[PDB]
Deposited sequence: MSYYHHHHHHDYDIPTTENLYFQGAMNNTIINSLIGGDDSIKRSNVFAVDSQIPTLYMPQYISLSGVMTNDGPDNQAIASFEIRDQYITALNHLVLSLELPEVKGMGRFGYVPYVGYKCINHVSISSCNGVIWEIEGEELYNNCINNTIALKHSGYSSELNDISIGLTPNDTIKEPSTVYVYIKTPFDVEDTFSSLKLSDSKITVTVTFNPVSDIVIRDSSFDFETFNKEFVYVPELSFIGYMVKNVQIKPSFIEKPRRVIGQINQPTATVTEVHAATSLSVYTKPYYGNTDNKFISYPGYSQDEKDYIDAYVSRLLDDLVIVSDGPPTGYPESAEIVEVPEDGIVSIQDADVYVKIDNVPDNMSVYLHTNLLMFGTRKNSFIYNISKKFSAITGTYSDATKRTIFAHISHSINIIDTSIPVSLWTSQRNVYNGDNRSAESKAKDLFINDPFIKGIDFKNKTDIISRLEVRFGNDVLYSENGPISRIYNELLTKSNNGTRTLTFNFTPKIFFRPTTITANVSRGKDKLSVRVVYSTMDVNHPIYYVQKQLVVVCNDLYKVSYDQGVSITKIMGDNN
């Protein structure tokens, strides 16, 4: 059965790769353990906090925390849906602490970031058409969403090498404290939705699961742990500084939008489908019904500022230098076809440049239905983009706009949805646009790193096998757990105990509404700590 040339080609110490001594491991028994928590409503703005205390003589070690949430049935009228990954967006903060203090904590967004390359984790936290499409209730008793459980993997450093990295409790009490975002963050809804009643009646219903380990004659040794912390820059300020950086493993930079100067209302939302094209199509779809109207004489029901034009016989309406081709089939003899030529329009001066959403269409074809008295659109040529779909409606009607701005029908305006997702990066719903033009990191007062493209994000996505990375400077390339991490290391004497970030943002057109979306600079630092287990668990910052 072997070929003759192999057997013919077949003193030195030789390591055996066909057998190995199956070592007896530490004696232990694992258990999936679940805890109800205690819910308090204080800290801050009466924010909801869950606390779980872990102390059992048979739990010697734990890891792999997973948080459960019961989502209630949602009944009533209006449009309602959950943000994708709803269970993660719920989370404002997680702390693991002993009686000596805090062992490890994370900001909601950073936990989410760390799990973003984990499709399973993401799926478990709630990503489904059931949960994330925008349902509409038609009756005060109609069911919008059914009840549901979501599961949030609270990834910890204790999970890297399973039992080797687990958290050893000894005889100490470990408290896990979870702070929840306000339910407004996790919910997408329209004006008809009675959010006021929903807000009062909604309660967070959490449960903390984990893998406990009952361990005979546990042999503890000291370990190291990376604890993340982040600094949020002042609004639109292109700088932030992290103080007291003594032994850090990595440093990440990114941008968030800030929508406080707005009502957080958006024209459209794609629902469960989350691709860039989904976002764009959802937006086109919402505009199409005011964009091309089939009507008995001039269309009614629009603001006087609307400029609705009858389409010439050759199908071309000319909006300044923009040509829009409109051919609708099966149009009644008493009716004509109209193009709305300024459905949304923005400018900071009269008689200057204009951002006009209607000029972003070049062809609209479709067929009229006599049966349902509507136009069924077939093919659209346009240049709508992910930004357009990310513009809050408030910006269209702002005092900086010389135009009325929002010339949609009332019916369309009613369909607008509030979106308060807490984990948005960049300035568009997909973090597609790169608004950072240059990044500088200084250790003390000396330049540590500088780049003119996102070469650090490319390396981040590569080394972590992620397609949603960040501009990240990684200092630790040493394998976790089995080594002490490599860290950038302070002088303190020479002033080098702080990392300072300066980015150059690219500047947008002041006549595009996107210019007025506020930006925030997020800098996340991972500091090395030593873990000791001598009478209670404790950590110690490495200097």
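Chemist: List in ascending order the stretches of the deposited sequence, numbered from 1, that lack C-alpha coordinates.
Modeler: Several stretches lack coordinates - namely 1-24, 35-39, 573-576, in sequence order.
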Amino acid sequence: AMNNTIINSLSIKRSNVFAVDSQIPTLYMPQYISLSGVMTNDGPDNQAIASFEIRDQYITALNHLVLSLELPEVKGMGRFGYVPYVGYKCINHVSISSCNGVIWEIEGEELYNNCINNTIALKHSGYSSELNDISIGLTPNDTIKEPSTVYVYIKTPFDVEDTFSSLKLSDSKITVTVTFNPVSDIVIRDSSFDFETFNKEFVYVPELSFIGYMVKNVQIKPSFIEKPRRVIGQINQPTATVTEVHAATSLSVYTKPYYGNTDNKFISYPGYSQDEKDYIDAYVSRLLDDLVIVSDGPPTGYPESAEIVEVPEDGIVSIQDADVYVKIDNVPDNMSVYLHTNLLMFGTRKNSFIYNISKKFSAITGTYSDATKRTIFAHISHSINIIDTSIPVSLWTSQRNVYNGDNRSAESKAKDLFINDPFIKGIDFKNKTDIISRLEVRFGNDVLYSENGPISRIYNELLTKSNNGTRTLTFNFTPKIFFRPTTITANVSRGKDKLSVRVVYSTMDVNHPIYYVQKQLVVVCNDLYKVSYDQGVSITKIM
From here on, numbers count along this sequence of modelled residues.
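Chemist: Specify whether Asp509 falls into a modelling gap in a third or more of the other PDB entries of this protein.
Modeler: Per the records, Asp509 is modelled in all the other entries.
Chemist: Would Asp45 be found without coordinates in at least a third of the other compared entries?
Modeler: Across the compared entries, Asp45 is modelled every time.
Chemist: Between 63-71 and 50-58, which has the larger average Cα B-factor in the PDB entry?
Modeler: It is 50-58.
Chemist: Between 229-237 and 297-305, which has the higher average C-alpha B-factor in the PDB entry?
Modeler: Taking the mean B-factor of the alpha carbons in each, 297-305 is higher.
Chemist: Given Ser383, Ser250, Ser437, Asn334, identify the residue with the highest C-alpha B factor in the PDB entry.
Modeler: So the option with the highest C-alpha B-factor is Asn334.
Chemist: Please work out which residue in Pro147, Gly405, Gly101, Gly108 has the highest C-alpha B-factor recorded for this crystal structure.
Modeler: When the deposited C-alpha B-factors of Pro147, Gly405, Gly101, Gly108 are compared, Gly101 is largest.
Chemist: Can you tell me which third, lowest, middle or highest, the CA B-factor of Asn526 falls into for its chain?
Modeler: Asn526: CA B-factor falls in the middle third of its chain.
Chemist: Ranking every modelled residue in this chain by its Cα temperature factor as given in the entry, which third contains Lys200?
Modeler: For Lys200, the deposited C-alpha B-factor lands in the highest third.
Chemist: Based on the entry's values, in what third of the chain does the Cα temperature factor of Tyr112 lie: lowest, middle or highest?
Modeler: For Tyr112, the deposited C-alpha B-factor lands in the middle third.
Chemist: Looking at the C-alpha B-factor of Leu122, is it in the lowest, middle or highest third of its chain?
Modeler: It belongs to the lowest third of the chain when residues are ordered by C-alpha B-factor.
Chemist: When the deposited Cα B-factors of this chain's modelled residues are ordered and cut into thirds, is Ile481 in the lowest, the middle or the highest one?
Modeler: It falls in the middle third of the chain.
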